[PDB]
Amino acid sequence: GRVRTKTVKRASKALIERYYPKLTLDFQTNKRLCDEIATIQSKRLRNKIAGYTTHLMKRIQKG
Amino acid sequence: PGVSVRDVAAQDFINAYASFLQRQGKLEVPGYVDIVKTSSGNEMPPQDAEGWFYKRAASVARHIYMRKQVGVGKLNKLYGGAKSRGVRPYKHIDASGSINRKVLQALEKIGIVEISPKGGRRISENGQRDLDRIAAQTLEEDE
Amino acid sequence: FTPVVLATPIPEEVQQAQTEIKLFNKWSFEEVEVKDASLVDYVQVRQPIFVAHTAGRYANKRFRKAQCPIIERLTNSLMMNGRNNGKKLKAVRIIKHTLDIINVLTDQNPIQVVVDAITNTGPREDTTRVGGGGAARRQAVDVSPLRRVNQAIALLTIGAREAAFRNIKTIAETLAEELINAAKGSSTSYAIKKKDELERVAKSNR
Amino acid sequence: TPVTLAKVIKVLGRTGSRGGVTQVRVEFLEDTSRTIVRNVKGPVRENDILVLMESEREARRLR
Amino acid sequence: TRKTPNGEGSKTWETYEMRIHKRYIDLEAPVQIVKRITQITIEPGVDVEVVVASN
Amino acid sequence: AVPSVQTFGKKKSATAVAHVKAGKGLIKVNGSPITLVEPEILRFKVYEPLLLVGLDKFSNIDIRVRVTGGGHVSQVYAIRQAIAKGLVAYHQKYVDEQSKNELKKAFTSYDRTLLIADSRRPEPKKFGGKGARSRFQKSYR
Amino acid sequence: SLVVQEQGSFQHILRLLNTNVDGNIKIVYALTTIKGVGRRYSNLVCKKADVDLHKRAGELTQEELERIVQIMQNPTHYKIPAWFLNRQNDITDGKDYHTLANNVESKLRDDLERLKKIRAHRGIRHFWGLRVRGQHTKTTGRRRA
Amino acid sequence: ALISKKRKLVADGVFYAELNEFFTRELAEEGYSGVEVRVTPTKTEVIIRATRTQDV
Amino acid sequence: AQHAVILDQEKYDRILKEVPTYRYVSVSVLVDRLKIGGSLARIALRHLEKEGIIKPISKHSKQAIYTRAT
RNA sequence: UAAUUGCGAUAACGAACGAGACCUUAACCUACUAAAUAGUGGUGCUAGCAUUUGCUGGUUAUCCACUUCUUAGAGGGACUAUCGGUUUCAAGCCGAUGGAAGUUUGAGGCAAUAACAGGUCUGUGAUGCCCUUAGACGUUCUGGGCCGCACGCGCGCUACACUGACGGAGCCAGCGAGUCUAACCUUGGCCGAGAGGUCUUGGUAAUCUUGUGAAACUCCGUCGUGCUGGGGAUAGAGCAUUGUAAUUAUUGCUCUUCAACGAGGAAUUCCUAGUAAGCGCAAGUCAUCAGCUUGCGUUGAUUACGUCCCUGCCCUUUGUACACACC
Ligand SMILES: [Mg+2]
Ligand SMILES: [Mg+2]
Ligand SMILES: [Mg+2]
Ligand SMILES: [Mg+2]
Ligand SMILES: [Mg+2]
Ligand SMILES: [Mg+2]
Ligand SMILES: [Mg+2]
Ligand SMILES: [Mg+2]
Ligand SMILES: [Mg+2]
Ligand SMILES: [Mg+2]
Ligand SMILES: [Mg+2]
Ligand SMILES: [Mg+2]
Ligand SMILES: [Mg+2]
Ligand SMILES: [Mg+2]
Ligand SMILES: [Mg+2]
Ligand SMILES: [Mg+2]
Ligand SMILES: [Mg+2]
Ligand SMILES: [Mg+2]
Ligand SMILES: [Mg+2]
Ligand SMILES: [Mg+2]
Ligand SMILES: [Mg+2]
Ligand SMILES: [Mg+2]
Ligand SMILES: [Mg+2]
Ligand SMILES: [Mg+2]
Ligand SMILES: [Mg+2]
Ligand SMILES: [Mg+2]
Ligand SMILES: [Mg+2]
Ligand SMILES: [Mg+2]
Ligand SMILES: [Mg+2]
Ligand SMILES: [Mg+2]
Ligand SMILES: [Mg+2]
Ligand SMILES: [Mg+2]
Ligand SMILES: [Mg+2]
Ligand SMILES: [Mg+2]
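Protein chains in written order, with PDB author numbering: chain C7, 2 to 64; chain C9, 2 to 144; chain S5, 20 to 225; chain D8, 5 to 67; chain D0, 67 to 121; chain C6, 3 to 143; chain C8, 2 to 146; chain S3, 3 to 58; chain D5, 36 to 105.
The following block contains the structure:
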């Protein structure tokens with residue numbers, strides 16, 4: 002199952018909390034964002050976080 | 002056109018080269034044929050009886066044509082198969098170095114292979130010649 | 020068909036059939052239709068193949084099993100009983116001989132006859148072991164199309180295997196024999212008998 | 005002999021104690037506008053065609 | 067190896083490994099620079115070998 | 003030099019490398035024609051590209067393939083992938099795009115993974131059984 | 002090969018070396034129903050007797066049969082390897098025999114007797130009816146005698 | 003001398019395993035804490051990391 | 036041992052006259068015609084091909100297949 | 001959800017260990033750095049066949065060029081992405097497209113708290129106590145024994161054949177390992193039916209063994225359903241190899257002897273994709289001996305994709321006079 006751990010969802014929460022201008026419904030730019038904007042020790046963790054901030058972005062846009 | 006043996010399917014070539022080495026009458030077949038068994042990993046001697054030494058001579062020929070050099074041991078390991086150790090599991094075993102070595106000498110004496118440097122046996126220019134020839138012959142039958 | 024050659028040449032009927040129709044070993048994939056509603060979508064036929072051998076990933080999802088070419092499903096289910104696990108070259112060649120043999124008897128696309136036997140042997144309804152309190156009765160159930168195809172293949176091959184075991188006829192003669200009698204149900208075939216029985220019992224407990 | 009052909013329209017769930025039977029609502033194709041619920045033996049999805057052998061008789065639970 | 071010192075338990079096996087990495091760099095130089103570059107560039111753990119000749 | 007590309011095809015551990023230059027139309031494998039190959043039952047499996055895409059296409063090109071590793075079936079699939087991937091690699095550099103994408107179109111359509119290397123690999127056996135999943139045997143007591 | 006014909010010239014079953022040999026089998030294998038003659042020795046002997054292994058035990062001239070008998074019981078004269086022979090190096094006169102038909106039984110007996118009569122442990126063990134060749138006897142072979 | 007590269011590296015490890023032992027025993031009442039062996043030209047160097055080098 | 040290992044002249048002419056209506060002939064089909072074992076049945080398959088009757092539409096070992104002449 | 005994995009409900013809010021992350025390995029880079037210990041194209045030198053160019057080989061350096069294949073450094077790449085169903089329109093789940101890859105990507109490494117009178121004093125110069133300590137329970141040497149055979153139980157190997165045995169011929173792997181103060185992996189050449197012998201040889205190794213020319217498997221024949229040419233127990237005789245030693249037969253080879261087993265009662269093990277099963281190999285062990293194990297690749301299915309019926313276990317609720325905790 003692909004249930005994202007708390008650290009992913011918690012980091013995604015704080016990112017969209019304080020960097021909503023910037024970010025988009027695009028993973029690939031949110032990813033590059035998370036590089037220049039957060040400090041993640043691993044590529045995989047960073048892609049998970051970014052891909053999830055992207056999901057929350059894509060579904061904040063409709064409510 | 003032009004031709005190699007690499008242009009002929011393995012079996013109709015070797016069958017052909019066998020019947021030719023047969024026809025020939027020049028060959029040298031040590032003597033212990035028909036009484037011998039090709040491999041200690043085997044049960045019955047070959048069923049060709051008056052022959053098969055041609056078939057392996059042809060087989061050995063085409064093999065030595067195909068590459069740089071090959072010794073008696075590579076042909077032993079090549080022509081070695083699966084020995085049923087009865088009630089124990091099978092195993093790969095090598096075939097007879099007498100049969101192969103006497104083939105390499107009866108084909109070198111007939112100038113179709115030659116003690117090579119580095120090691121082993123190399124295909125002879127005159128062998129290239131005659132192999133490519135009967136290869137052409139074997140394709141000619143399919144016309 | 021407009022022959023063409025280059026350096027290393029390519030044979031006559033080889034070129035001819037290939038670039039023209041995209042047919043089997045050398046049998047017709049057009050025509051041949053499943054003579055039964057349902058079973059369509061679960062018997063392949065088109066896209067056509069040359070020989071029944073595919074590195075197919077038909078397993079890593081539920082129903083994708085159904086998109087496998089049907090002949091290859093037949094061939095696949097040949098190669099079993101421990102000794103013949105793997106050994107698909109063995110199975111493939113047996114199928115080729117088998118289609119050739121069926122074609123000898125009564126004409127017909129032998130691949131069509133195969134389709135005919137597969138259709139005619141899937142049991143329309145079966146039974147299952149209900150509890151119902153210790154002494155278990157048998158609930159009649161209407162079995163799926165997919166289970167009907169699968170059980171058809173396994174039935175024809177198995178009864179062909181029992182029939183080829185310990186006698187002079189080869190696997191391809193008896194496979195063909197079963198596919199022949201089962202193409203038009205004759206109850207001289209292991210498959211038709213077993214299909215008729217599973218339906219007889221399923222009816223008798225409803 | 006009378007063959008009845010019914011198209012699966014909905015998947016209702018597994019029955020039987022062992023859990024291999026599936027309950028299914030079917031709409032027979034020769035004259036629609038009438039539903040029946042049957043029990044399958046093999047794997048089933050939406051829009052398959054079951055050969056109901058006796059046209060009027062449905063079941064529900066299985067032990 | 068078997069994980070256990072003795073023989074009891076499920077037959078758990080455990081596999082160890084050591085990784086050996088080998089490089090070689092070919093250089094043409096005089097004597098001075100070779101002796102300068104090999105007396106230095108010292109490293110504990112790196113096994114350095116400096117061969118010569120064409121045979 | 004002449005126009006030419008090189009490619010490869012891989013099934014399990016068989017890797018099949020292919021040289022595709024411009025020429026009079028040979029299709030040689032290792033050193034023998036494609037009309038041998040045998041397996042034989044699987045012969046048309048290596049013919050497959052040449053008949054899917056029209057036999058002619060090979061009249062301005064020479065095709066050589068050599069296979070190492072793998073088994074008998076592993077190699078037959080590795081070569082047929084390398085021949086078709088090669089044909090599209092030459093059209094990608096030398097003839098036009100729309101012809102390359104028409105070859106990829108009639109390949110991917112029918113397919114059998116002619117351009118796409120199948121990713122199945124052996125799974126490691128682990129201790130306790132003779133296979134990877136297959137555990138040994140217990141009898142309890 | 003060829004469809005043959007023949008007439009009443011082959012008679013089924015034919016008795017040699019005090020045993021009986023069925024016809025209608027491929028002659029090489031027919032001499033194996035004689036003791037001491039396996040598939041190898043049969044083969045080599047019919048190869049040495051100038052016979053056609055293609056033939057059945059059915060045909061074969063009486064001349065051929067007699068020559069076969071002659072070679073079997075005289076293998077070293079008709080140049081047969083001696084490493085091809087079951088009873089090499091006897092144990093008294095030290096010659097190379099190939100013991101055949103009802104005679105192999107005798108030599109099994111003679112050999113067994115010799116060990117028993119010498120009291121050697123192999124004898125003792127043949128007398129006790131066990132396994133001689135050193136195999137474990139705890140588990141295997143239980144139905145037995 | 004002359005030993006395969008693999009056998010060499012294992013042998014080097016066992017050399018450390020045995021040296022670490024001998025010190026762990028011989029320098030206990032001096033707070034022996036570990037070793038490192040540096041190979042150089044001329045010398046083979048051993049550095050004793052301990053918390054009490056006046057007794058060492 | 037249950038018969039079919041020779042040729043008995045009448046068996047020859049039996050073979051010559053019984054191999055029409057055989058859409059299928061092979062080793063098994065010859066045996067099933069209450070005669071020839073798998074040795075000489077193969078000889079019958081090589082020699083009914085010497086000229087006529089059997090049309091070879093199949094290849095090799097174990098599996099043989101022929102049809103009636105046309 | 002695989003997960004106290006999350007959403008959500010909410011006197012809780014926000015957190016840490018453990019799970020996840022992380023590490024290793026198998027997948028993808030015609031992008032980056034390179035390679036006579038990896039390989040490719042050109043060129044010479046050169047063989048064979050056709051000759052009209054051509055086709056197929058030889059040549060650890062005769063030169064030039066490249067890095068696709070091979071090697072491993074640094075990166076990149078996937079985040080269940082895009083779209084659509086389903087779901088409290090939540091976490092998620094399902095389908096299609098794309099993709100090297102979409103079951104935790106596949107497979108492992110690691111892994112909290114707590115428990116057991118689980119196993120190990122026969123791994124330890126780890127150890128308490130007890131016992132023993134010169135007619136030794138210390139140690140060594142000689143020989144025997146651990147293999148002993150009415151029989152019960154477990155792991156297995158080989159088979160009952162014709163999807164087969166035999167015989168020719170085809171001919172393809174991956175994980176490994178190898179000799180210093182020594183005799184390890186061994187090509188090659190002769191001799192020998194074989195097993196082996198013998199003269200040389202390369203390799204402390206991407207360089208030599210080795211392309212480990214493995215085995216199933218493919219092909220052309222012989223056999224023809226007959227305990228058959230399936231099967232190879234049991235046994236006799238002869239030849240060799242390791243070792244100081246082979247008898248109670250270390251192993252190997254040759255001939256001969258030619259058992260039971262015609263698919264296996266009640267029972268019961270393992271298993272969901274390159275998996276199951278079939279196949280052989282390497283490594284451990286090893287002077288000699290694998291029917292074992294640990295890994296490896298070869299050929300490659302059938303059937304689910306569910307449930308709580310059987311069994312086993314976790315979870316609440318509940319009872320308790322147990323708390324050394326139902327031993
Ligand atoms: Mg081989
Ligand atoms: Mg062979
Ligand atoms: Mg495996
Ligand atoms: Mg005998
Ligand atoms: Mg868990
Ligand atoms: Mg010209
Ligand atoms: Mg020219
Ligand atoms: Mg590269
Ligand atoms: Mg897809
Ligand atoms: Mg990973
Ligand atoms: Mg206890
Ligand atoms: Mg201990
Ligand atoms: Mg003590
Ligand atoms: Mg120990
Ligand atoms: Mg300790
Ligand atoms: Mg003591
Ligand atoms: Mg013991
Ligand atoms: Mg027990
Ligand atoms: Mg066990
Ligand atoms: Mg064979
Ligand atoms: Mg001798
Ligand atoms: Mg040396
Ligand atoms: Mg390799
Ligand atoms: Mg029998
Ligand atoms: Mg046998
Ligand atoms: Mg002894
Ligand atoms: Mg004893
Ligand atoms: Mg027998
Ligand atoms: Mg069974
Ligand atoms: Mg021992
Ligand atoms: Mg070993
Ligand atoms: Mg052990
Ligand atoms: Mg109360
Ligand atoms: Mg309470």
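Every residue, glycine too, gets a C-beta built ideally from N, C-alpha and C.
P31 (chain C9) touches chain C8 at which residues, Cβ-Cβ below 8 Å?
None at all; the shortest Cβ gap to chain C8 is about 13 Å.
Ignoring anything shorter than 3 residues or poking outside the stretch 145 to 217 of chain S5, list the beta strand (DSSP E) runs there in chain order.
If we require 3 residues or more, the beta strand (DSSP E) runs fully inside the stretch 145 to 217 of chain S5 come out as 145 to 148, 157 to 160.
So with CB distances below 7 Å, who are the chain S5 contacts of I43 (chain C6)?
Within chain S5, the residues near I43 (chain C6) are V70, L108, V111, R112.
Using the beta-carbon of each residue, which ones in chain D0 are nearer than 9 Å to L11 (chain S3)?
At a beta-carbon threshold of 9 Å, the residues of chain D0 lying near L11 (chain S3) are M84, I86, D113, ordered along the chain.
Report yes or no: do three or more beta-carbon pairs, one from the stretch 7 to 22 of chain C6 and one from the stretch 65 to 78 of chain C6, lie closer than 8 Å?
Segments in contact, yes.
Who pairs with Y47 (chain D5) in a beta bridge, going by DSSP?
Beta-bridge pairing links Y47 (chain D5) to no other residue.
Measuring straight from C-alpha to C-alpha, what distance separates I78 (chain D5) and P164 (chain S5)?
Distance between the alpha carbons of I78 (chain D5) and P164 (chain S5) is about 48 Å.
Roughly how many whole angstroms lie between the Cα atoms of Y66 (chain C9) and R58 (chain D5)?
If you take the alpha carbons of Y66 (chain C9) and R58 (chain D5), they lie about 47 Å apart.
If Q70 (chain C9) sits next to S117 (chain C9), beta carbons under 8 Å apart, how far is it from one beta carbon to the other, in whole angstroms?
Confirmed, Cβ separation roughly 4 Å.
So which residues of chain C6 does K77 (chain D0) contact, with C-beta pairs closer than 8 Å?
Close to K77 (chain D0), with beta-carbon spacing below 8 Å, are these residues of chain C6 in chain order: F129, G130.
Using only CA atoms, which one of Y77 (chain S5), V53 (chain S5), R156 (chain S5), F69 (chain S5) lies nearest to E42 (chain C6)?
It is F69 (chain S5) whose Cα lies nearest to the Cα of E42 (chain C6).
Is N95 (chain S5) buried or exposed, if buried means 16 or more other CB atoms sit within 10 Å of its CB?
Counting the other CB atoms within 10 Å of its CB gives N95 (chain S5) a total of 16 or more, which places it among the buried residues.
Roughly how many angstroms separate the alpha carbons of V39 (chain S3) and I108 (chain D0), rounded to a whole number?
The alpha-carbon separation between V39 (chain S3) and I108 (chain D0) amounts to approximately 13 Å.
Taking buried to mean at least 16 other C-beta atoms within 10 Å of its own C-beta, is residue 153 (chain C6) buried or exposed?
The first residue shown for chain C6 is 3 and the last is 143, placing residue 153 (chain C6) beyond what the model contains.
Going residue by residue through the stretch 63 to 122 of chain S5, where are the continuous alpha helix (DSSP H) segments of at least 4 residues, counting only ones entirely within it?
Listed in chain order, they are 89 to 97.
The alpha helix (DSSP H) enclosing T8 (chain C7), as first and last residue numbers:
Looking at the DSSP string, the run of the alpha helix (DSSP H) that includes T8 (chain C7) is 7 to 19.
Sequence-distant residues of the same chain with beta carbon closer than 7 Å to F60 (chain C6), five excluded per side:
Hits under 7 Å: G27, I29, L52.
Proximity below 8 Å, CB of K36 (chain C8) to CB of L101 (chain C8):
Result yes, Cβ atoms of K36 (chain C8) and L101 (chain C8) sit closer than 8 Å.
In three-state terms, what does DSSP make of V75 (chain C6)?
Under the three-state reduction of DSSP, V75 (chain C6) is assigned to helix.
For residue 119 (chain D5), which residues in chain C8 fall below 9 Å Cβ to Cβ?
With chain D5 covering 36 to 105 only, the question about residue 119 (chain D5) has no answer from this structure.
Spell out a yes or no on whether the stretch 80 to 95 of chain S5 and the stretch 68 to 85 of chain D0 are touching, meaning 3 or more CB-CB pairs, one atom from each, closer than 8 Å.
Taking a cut-off of 8 Å for Cβ pairs, the stretch 80 to 95 of chain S5 and the stretch 68 to 85 of chain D0 do not touch, as fewer than three such pairs fall below it.
Under 8 Å, Cβ to Cβ, is there at least one residue of chain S3 near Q98 (chain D0)?
Closer than 8 Å: no.
What residues from chain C9 crowd round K48 (chain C8), counting only those whose CB sits closer than 8 Å?
Ordered by position in chain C9, the residues that pass the 8 Å Cβ test against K48 (chain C8) are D35, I36, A50.
On the three-state DSSP scale, how would you describe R51 (chain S3)?
Three-state DSSP puts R51 (chain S3) in a strand.
Could you give the distance in angstroms between the alpha-carbon of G120 (chain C9) and the alpha-carbon of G128 (chain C9)?
Their backbone Cα atoms lie some 18 Å apart in a straight line.
If the cut is a Cβ gap below 7 Å, which residues of chain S5 does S21 (chain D8) touch?
Those within 7 Å of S21 (chain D8) in chain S5 are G150.
Using DSSP with H/G/I as helix, E/B as strand and the rest coil, what is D64 (chain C6)?
DSSP places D64 (chain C6) in strand when its eight states are reduced to three.
Identify every residue that forms a DSSP beta bridge with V41 (chain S3).
Paired residue(s): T46 (chain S3).
Please determine if the stretch 173 to 185 of chain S5 and the stretch 107 to 114 of chain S5 are in contact, where contact requires at least 3 C-beta pairs separated by less than 8 Å.
Output reads no: the stretch 107 to 114 of chain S5 does not touch the stretch 173 to 185 of chain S5.
For the candidate residues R49 (chain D8), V12 (chain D8), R64 (chain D8), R67 (chain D8), whose alpha-carbon lies nearest to that of residue 68 (chain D8)?
It is not possible to answer for residue 68 (chain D8), since the shown part of chain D8 is limited to 5 through 67.
Can you tell me where the alpha helix (DSSP H) with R47 (chain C7) in it begins and where it stops?
Start and end: 44 to 61.
Along the alpha helix (DSSP H) that carries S107 (chain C8), what are the first and last residues, could you check?
Start and end: 103 to 119.
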